[PDB]
Amino acid sequence: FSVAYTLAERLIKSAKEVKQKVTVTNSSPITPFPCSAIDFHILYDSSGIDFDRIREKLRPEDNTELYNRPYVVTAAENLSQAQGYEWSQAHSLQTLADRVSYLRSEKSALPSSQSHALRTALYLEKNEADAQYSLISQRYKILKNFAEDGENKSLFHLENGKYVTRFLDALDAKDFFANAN
RNA sequence: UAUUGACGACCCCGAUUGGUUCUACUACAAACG
């Protein structure tokens with residue numbers, strides 16, 4: 001528990017970065033706009049137990065990061081009047097929950113066989129991750145939803161100059177999105 | 001108006017499928033009287 005809780009005390013700071021990316025419009029000093037967000041890990045013990053090391057193993061190339069994991073959970077409608085609205089949508093937890101649903105949807109609509117081919121490619125450069133995706137994008141039409149480019153040819157989207165993706169977060173959370181409701 | 005006057009081989013592989021699906025860490029030892 002101790003290691004898990006000190007992770008949570010770091011995860012809470014990563015979720016709490018919404019405090020300054022989503023901010024009250026025309027405020028001075030720049031007050032946070034009330035925004036709710038999650039960050040989560042899933043240790044496996046493999047990722048490094050220290051948050052700083054955990055995230056640098058998911059930034060495999062200098063412009064490419066395989067986590068979108070500070071996810072805003074506040075509704076878009078509530079956020080629409082803040083500054084930083086556009087960021088909150090890309091970081092909206094519903095984008096993760098939808099993609100998890102596509103992975104869970106069904107035989108599998110996206111085969112795990114092919115999800116893991118893409119998972120492997122994500123650790124390459126974008127030109128190679130996009131190459132693998134282009135070998136697959138029209139064999140599995142569900143992948144039109146997992147794209148983020150706006151073109152349906154890459155799993156990444158550009159965010160402040162970084163290629164960031166939810167796809168590998170969706171594979172992580174695929175089995176941690178269960179509810180009695 | 002319909003005549004001139006006999007030679008000569010060709011094909012040599014073509015089309016397509018080129019991976020598909022599943023397993024992606026599991027128990028542990030540190031947590032918990």
Side-chain angles (χ1 to χ4, degrees), chain A residues 1-16 37-71 73 90-149 151-157 159 162-181:
Chain A
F1 165 75
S2 51
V3 177
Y5 182 80
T6 188
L7 234 177
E9 287 269 53
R10 267 90 284 284
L11 270 25
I12 189 68
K13 292 178 68 182
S14 312
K16 197 152 56 170
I38 284 173
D39 200 332
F40 71 92
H41 180 43
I42 313 155
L43 204 28
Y44 289 114
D45 203 28
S46 113
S47 305
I49 74 256
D50 180 7
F51 178 84
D52 193 6
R53 284 68 171 198
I54 282 165
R55 294 288 153 102
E56 61 118 10
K57 311 223 299 194
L58 286 173
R59 194 180 304 122
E61 293 300 337
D62 303 22
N63 72 356
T64 287
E65 73 195 344
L66 309 187
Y67 66 92
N68 197 106
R69 213 163 294 195
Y71 285 103
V73 325
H91 280 274
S92 280
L93 183 61
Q94 190 62 51
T95 67
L96 179 67
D98 289 343
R99 288 162 187 261
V100 165
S101 304
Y102 303 145
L103 293 168
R104 294 196 78 75
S105 77
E106 290 190 346
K107 77 299 302 181
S108 310
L110 182 60
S112 300
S113 173
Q114 304 303 331
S115 300
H116 290 128
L118 293 172
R119 168 168 134 155
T120 303
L122 290 191
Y123 301 106
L124 314 179
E125 186 55 295
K126 180 177 169 296
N127 298 1
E128 291 110 43
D130 295 357
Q132 265 268 9
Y133 181 91
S134 301
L135 261 50
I136 302 174
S137 65
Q138 290 256 112
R139 288 188 171 210
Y140 307 98
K141 301 300 188 77
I142 195 75
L143 287 176
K144 292 182 179 185
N145 303 320
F146 291 105
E148 308 180 23
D149 50 7
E151 305 292 352
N152 304 357
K153 57 179 63 174
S154 184
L155 297 170
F156 294 92
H157 73 275
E159 186 87 59
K162 277 71 178 176
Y163 296 121
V164 58
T165 183
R166 300 178 280 255
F167 184 79
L168 193 65
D169 298 343
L171 292 174
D172 283 352
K174 190 185 71 172
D175 290 298
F176 302 83
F177 267 119
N179 198 330
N181 298 343

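Here is how names work: the chains are called A, B, and so on, in the same order as the sequence lines, proteins then strands, and each is numbered from 1. The figures here come from the full heavy-atom set of this structure, side chains too, leaving out hydrogens, waters and symmetry mates.
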Stems involving RNA chain B, each a run of at least 3 consecutive Watson-Crick or G-U pairs under 3.5 Å: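 Expected stems, ordered by start: none at all.
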Salt bridge (charged side-chain N to carboxylate O under 4.0 Å, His left out) contacts in which one or both residues fall within residues 111-138 of chain A, not counting sequence neighbours: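 Those involving residues 111-138 of chain A are A/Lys126-A/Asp130.
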Pairwise salt bridge (charged side-chain N to carboxylate O under 4.0 Å, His left out) hits with a residue in residues 170-181 of chain A, at least two apart: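 Pairs touching residues 170-181 of chain A that pass the test: A/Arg69-A/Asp172, A/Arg104-A/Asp175.
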Which atom of A/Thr6 lies closest to which atom of A/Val3, heavy atoms considered: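 That would be CG2-O, 3.0 Å.
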What residues, two or more places apart in sequence or in another chain, satisfy side-chain contact (heavy atoms from CB on, under 4.5 Å) together with [X]?
X	answer
A/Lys13	A/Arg10
A/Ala170	A/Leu96, A/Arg99, A/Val100, A/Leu103
A/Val73	A/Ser36, A/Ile38, A/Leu93
A/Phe1	A/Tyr5

Please check this pair: side chain of [X] against backbone of [Y], looking for a donor-acceptor N/O pair closer than 3.5 Å.
X	Y	result
A/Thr64	A/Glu61	no
A/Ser47	A/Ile54	no
A/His91	A/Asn68	yes

Nearest-angstrom distance from the residue atom CD1 of A/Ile49 to P of B/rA29: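 A/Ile49 atom CD1 is separated from B/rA29 atom P by 17 Å.
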Distance, rounded to the nearest Å, where A/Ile42 contributes CD1 and B/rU26 contributes P: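 Roughly 11 Å, once rounded to whole Å.
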Base-contact (B) and sugar-phosphate-only (S) positions in nucleotides 17-24 of chain B, heavy-atom cut-off under 4.0 Å, - elsewhere: -SSSSSSB
Close approaches to RNA chain B from residues 124-137 of chain A, in residue order (heavy atom, under 4.0 Å):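 Of all residues in residues 124-137 of chain A, none places a heavy atom under 4.0 Å from RNA chain B.
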Work out how far the [atom1] atom of [N] is from that of [M], and round it to whole angstrom.
N	M	atom1	value
B/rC7	B/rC11	P	23 Å
B/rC28	B/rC32	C1'	15 Å
B/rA31	B/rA27	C1'	15 Å

N/O to N/O distances under 3.5 Å, protein versus nucleotides 30-33 of chain B:
| unit_1 | atom_1 | unit_2 | atom_2 | d |
| --- | --- | --- | --- | --- |
| B/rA31 | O2' | A/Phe1 | N | 3.2 |

Qualifying residues under side-chain hydrogen bond (donor to acceptor under 3.5 Å, both in side chains), relative to A/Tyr133, sequence neighbours excluded: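 Scan of A/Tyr133 (side-chain hydrogen bond (donor to acceptor under 3.5 Å, both in side chains), adjacent residues dropped) gives none.
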Could you go through residues 110-118 of chain A and list every donor-acceptor pair under 3.5 Å that involves a side-chain atom there, pairing it with any protein atom two or more places apart or in another chain?
| unit_1 | atom_1 | unit_2 | atom_2 | d |
| --- | --- | --- | --- | --- |
| A/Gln114 | NE2 | A/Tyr140 | OH | 3.4 |
| A/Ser115 | OG | A/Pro111 | O | 3.3 |
| A/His116 | ND1 | A/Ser112 | O | 3.0 |

